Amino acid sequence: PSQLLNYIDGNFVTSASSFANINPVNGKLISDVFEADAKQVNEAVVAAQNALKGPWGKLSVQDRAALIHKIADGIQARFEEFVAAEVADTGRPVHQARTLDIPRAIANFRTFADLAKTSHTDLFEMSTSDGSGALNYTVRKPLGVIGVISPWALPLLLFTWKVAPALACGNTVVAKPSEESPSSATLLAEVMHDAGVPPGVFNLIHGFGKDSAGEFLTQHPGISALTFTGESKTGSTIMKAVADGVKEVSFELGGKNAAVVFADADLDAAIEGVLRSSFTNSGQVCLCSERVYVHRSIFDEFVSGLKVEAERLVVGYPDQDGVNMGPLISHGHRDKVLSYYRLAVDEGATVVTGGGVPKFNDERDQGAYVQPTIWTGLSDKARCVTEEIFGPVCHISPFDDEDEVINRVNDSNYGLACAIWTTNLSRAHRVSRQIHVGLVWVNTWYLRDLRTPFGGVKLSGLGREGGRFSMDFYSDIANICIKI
């Protein structure tokens, strides 16, 4: 069918070997993707290094920002093509792609272009022993070549979340999208080319991780930084890989996030909110709630309500009427998720709903669908309650006391996000500050202001991105001290 090429030094190029891109809706082949080899990865990095010395390196911040807005214009001009690409790779509902995924990719470019135009640095005056003084001023310069490695959860959103600030800060880029979701990134390369982005500034390499393009990229001494979103264990691997070169790193690594529903929550809103936080993108978001804590006084009503709403969810085709959930990303990921579904039963869970695979009795049975699933009855120490599944699942447990639930939320090796439901003013601020995570939402979930710091604690990450945090990470911060 279609073919997805690498984009290296201003040219789309094939490779000696290719791999299949499979549609998870029906198991069908979508495209062949050309896997970049070590030589092609080197060529990309070298091209990126050289482009720093070319026209790109000479652009004013204003001209750079203008070109980045042109990249965003180019995505907007091919909006439905990008929607189609993202949907084909992942099975996500078309409505989700049209409202979350593709708009956020456009917004990523525009916001960081704007931040680049408006951001400034610092001036520090000091006295000296001779009485004449000195001036210290800081500047932001490009860090150099940014290696970007992104996952399949929100392919274009996460890819552009890294590529946008990288380019806004005047860096050049070598970027490796997930082998599961290569299409929109390839379309993005086309937009870059058509927008007139100079050769070598943006390079797209396809492939896998170990023994493939991903590993080749992290090991290349020519990069200045590696920014990554994906599995915690992969973060550790990458951190070791770049250590000999002391490369700058930025990791967002998923979690085992909790939602907490206090007795004073708006109960219908909380049920809807937890439905969203547990089952959005079929549970395949690092920010999803796989643990839910509900006050004992409302526990039964909450569980019954969520069961009903989960069973109301339409699981099916991306453009099907009223669809809420598509499949998992791949048969391989479904294997992991189903193994946890089995483990929960073995650990003594009550399966409130789901727990298996829907039977469609059509081509979708060859796809990688699972049921939205709710568990109760597990202890806080069960594997299914402590390890990240990354499926459309949550376990629900009662609690009695505010300090109790705070400690239970924090009793985790992860620390990415938490969502709290309460109508009480003091409770909202008092509890949120005590949760050991990078991101707290109160009475909502995954509401994003791109200027805010975003990241996690513990195994969930290293560093922050977003707003000034990205402007700092993707820049060399240099202090220049002038003796007067």
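Start at 1 and count along the sequence shown; that's the residue number.
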Comparing 312-320 with 127-135, which stretch shows the greater average C-alpha B-factor in the deposited entry? 127-135
Quick check on the record: does 439-447 or 42-50 carry the larger mean Cα temperature factor? 42-50
Could you say which of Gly209, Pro155, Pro165, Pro392 has its CA atom at the highest B factor, as listed in the PDB entry? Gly209
Whose CA atom has the top B-factor in the entry, of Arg276, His295, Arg291, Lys117? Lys117
Where does the C-alpha B-factor of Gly466 rank in its chain, lowest, middle or highest third? middle
In terms of its chain's C-alpha B-factors, the third that includes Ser330 is the middle
Third of the chain, ranked by Cα B-factor, where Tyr414 sits: middle
Compare the C-alpha B factor of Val431 with those of the other modelled residues in its chain, then answer lowest, middle or highest third. lowest
Check where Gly456 lands among this chain's C-alpha B-factors and tell me if it's the lowest, middle or highest third. lowest
